[PDB]
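Protein chains in written order, with the authors' numbering: chain B, 337 to 346; chain B', 337 to 346; chain B'', 337 to 346; chain A, 1 to 267; chain A', 1 to 267; chain A'', 1 to 267. A prime marks a further copy of an entry chain. Every residue gets a Cβ at the ideal spot worked out from N, C-alpha and C, and that includes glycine.
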């Protein structure tokens, strides 16, 4: 909780 | 595989 | 058995 | 409640939503290394080290007993604080659509730059070698003019091919190189079409680095282990300000040193 | 095939069974720390470090970015080789019941002693503090005569009680102390019955250590993380001999320093 | 057990998987002749010769009896040994992802180069004529500059058309010619688009050969009969090293000499 969930952009 | 599975003796 | 199965690359 | 004490911040739900949207947009615009690097799923707050598989010989405990210690790479945590004015936060509930989120954008730029520089150029304190300094291929200098770009890229590709490396080839360019290649030539040469004939994707824009990199994205060469993705946490507040921070937790390893060629900035 | 290349050894199945039975028996007789310490299930060959939860401040990457490195304890691997004569191995298939497994027993004793000394007295090279040197209570010297044992044990128990520590209390004694307490007194005093009135289990016999330890076994104070349990692997063979080894992989941490009292050997 | 005594090697299953993956990747990157040549399915270890259909007159056995001997082309076996350090092999089971497989890659490069040079330039000892020396068309010299490439290719195509040869036309270029054609021209001429207008596929990159070849891939002109595909076998091991080898078994025949034009390296 609180994360922006950017993760991988590939 | 190959272990003697001594583990915990308590 | 043991081959890499490269075969044809066409 | 977790370590990001978000419920303790005097910030409404609408303000939180706007802040998160702005942070996600700015980070996605600025994050470049995540587009060409194997990024794992977040492994949680307890994730502390990654085992490299290698061992180091120790001085033995005693009578004919040999000892080896397993080697690992530690995880690093990056935190960047920023301050909001509490007028932008309160105006959101009143229907504001142009609240000042500039400190958040500057913090996002700072943390993205730190992450990118660690992944590409290395961070010695955290034990991160970096993609470029850990390359076994010979670096190539970028040309002054854009017309020279097809010649360098091709040669770089040749190195990869000579090294036995396969898979799609991706180009990452810094700000000056990217704007030089995209601004066209005054002789009518179509360098962009030729480059896109040689490379296997869109050119990646990297504001944090200088020069460039040509690398394979076959998978398994550059591993980014994410413990905690970039998240917003709360520190403190005054009557007219709120302290927040952007935090991430990760480690990076270069596994194949022959799968990347580093392009030096033009002189 | 795994790293224990057992199928490459010129050893029959019956010989393997007899060797494993002998090793298990001898190790169970010699292993003392596993009786009073939280032992985890084996975590596999890839298990390389345990995160301690603490961080160390780093020199920052750059503009207003702070960095902390996660701390961890590495895993240590212990290996002890031994040589069998290939006559004992071949005699097993012929119906032998008294094949010479003495080198295996000596290797088992060596590895059990190394493990016990690392857990109790510490192993500095592997980063293992040890239970006794990492005790915050004041150590007590053991008496010359067995009659003095009820007085010391009681005082040791008091320390635990004063420290707020609960749970069953177990006593681990080295060879000299154990044989002194079990050999009786010449005055007819029943020190053994009084000791078993004070302690909450059987006295543990520890051939590897000197002195003793009184410790709580409530759980959560002494964690032994097992990567690989003790196993037999193969190295090489000649026309008349076979090289094997005993190997284990573990790390140990003392979490509660007030939950143990160290008894010094008598002077 | 077959002639590749793989089970006798002190190599774990995970190490075997990583080794095979690396070998397959490197060989697929380096193998060029297999992309423009009819490759049969592997015919097994017993496959020893290929009948050409022709006969040779013999001195007769006796009274008015004539004898002819059937002609055939023998199969050749290529083997390249390499040595691994047994630390890279053992580290795999411990979770390593950057084990040193450089000797394997060098062996793969060597065997691929030998195969390619036999198929293209010929191997006299094995009775392999080679595609280029067995061409009935007149060879063409490659130009110094890339702008001259559309002129040569077209003329080469004309030869094929004049010879009555049909089917898709494929271009195979050596390292220097490939990097010259792909590096662009400084006059803005689009030679690559024109070449891809003339040829019927991607340009094939051949690191083993010099110059190039333009050939038809209609089928039935260049037959590569595979007895054993490239495979990894075991030879011997020391306490710190393992001997492996890469092995293949094949024969090659050029059936149509007018279906290929050989391009000589530029002077």
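In chain A, no part has a C-beta under 8 Å from the C-beta of residue 222(A''); the shortest such distance is about 24 Å.
Residues of chain A with a Cβ closer than 9 Å to the Cβ of residue 62(A') are, in chain order, 110, 113, 114, 117. Between the beta-carbon of residue 214(A) and that of residue 169(A) there is about 6 Å, and that keeps the pair under the 8 Å contact cut. Of all alpha-carbon atoms in 240(A), 250(A), 223(A), 139(A), the one lying nearest the alpha-carbon of residue 37(A) is that of 223(A). Using a Cβ-Cβ cut-off of 9 Å, residue 94(A'') counts as an interface residue toward chain A', since at least one Cβ of chain A' sits closer than that to its own. Residues of chain B' whose Cβ lies closer than 7 Å to the Cβ of residue 23(A') are, in chain order, 340.
The region 198–218 of chain A' makes no contact with the region 227–247 of chain A'; the number of CB pairs closer than 8 Å stays below 3. Cβ neighbours of residue 175(A) within its own chain (closer than 7 Å, five residues either side excluded): 207.
Collapsing the DSSP output to three states places residue 243(A'') in a strand. At least 9 Å separates the CB of residue 233(A') from every CB of chain A. Only residues of its own chain outside the window of five on either side were considered, and among them 119, 128, 224 have a CB closer than 6 Å to the CB of residue 252(A'), listed in chain order. Taking a beta-carbon distance threshold of 9 Å, residue 71(A) counts as an interface residue toward chain A'. Look at the beta carbons and you see the region 123–143 of chain A not touching the region 70–87 of chain A': under three pairs across the two are nearer than 8 Å.
By the Cβ rule, the region 103–113 of chain A counts as touching the region 15–33 of chain A, because three or more pairs are nearer than 8 Å.
Contacts between residue 166(A'') and chain B'', judged by CB atoms closer than 9 Å, are missing: the closest CB pair is about 17 Å apart.
Scanning chain A for C-beta atoms nearer than 7 Å to the C-beta of residue 100(A'') yields nothing, as the closest lies near 11 Å away.
Rounded to the nearest angstrom, the gap between the Cα atoms of residue 241(A) and residue 59(A') is 28 Å. Chain order gives the chain B'' residues near residue 20(A'') as 340, where near means a beta carbon separation below 8 Å. In this structure, the CA atom of residue 245(A') is about 39 Å from the CA atom of residue 135(A). In the displayed model, residue 346(B') falls within coil according to three-state DSSP, outside both helix and strand. Per DSSP, the continuous beta strand (DSSP E) segment holding residue 225(A) begins and ends at 222–237. Interface with chain A (9 Å Cβ-Cβ cutoff): residue 43(A'') is excluded. Beta-bridge pairing by DSSP links residue 69(A) to 56(A), 76(A'). Per DSSP, residue 338(B'') lies in no alpha helix (DSSP H) and is assigned neither H nor E.
At a C-beta separation below 9 Å, residue 2(A'') has these neighbours in chain B'': 337, 338. Residue 153(A'') holds the alpha-carbon nearest to the alpha-carbon of residue 200(A'') among 153(A''), 41(A''), 91(A''), 113(A'').
Taking the beta carbon of residue 46(A') as reference, the chain A'' residues within 7 Å of it are 94, 95, listed in sequence order. The distance from the Cβ of residue 123(A'') to that of residue 195(A'') is about 31 Å, inconsistent with a contact at the 8 Å cut-off. The residue from 86(A'), 189(A'), 256(A') with its alpha-carbon nearest to that of residue 12(A') is 86(A'). If you ignore the 5 residues before and after residue 32(A'), its C-beta comes within less than 6 Å of the C-beta of 116, 204, 206, all in its own chain and listed in chain order. Between residue 34(A'') and residue 45(A'), the beta carbon gap of about 38 Å keeps them out of contact (Cβ cut-off 8 Å). Shown here for residue 51(A'): same chain residues with a beta carbon closer than 7 Å to its own, the five before and five after excluded, namely 70, 72 in chain order.
Take residue 141(A), set aside five residues on each side of it, and the residues of its chain with a beta-carbon closer than 6 Å to its own are 264, in chain order.
At a cut-off of 9 Å, the C-beta of residue 190(A) has a neighbouring C-beta in chain A''. Taking 9 Å as the CB threshold, residue 8(A') lines the interface with chain A''. Counting the other Cβ atoms within 10 Å of the Cβ of residue 193(A'') gives fewer than 16, which makes it exposed.
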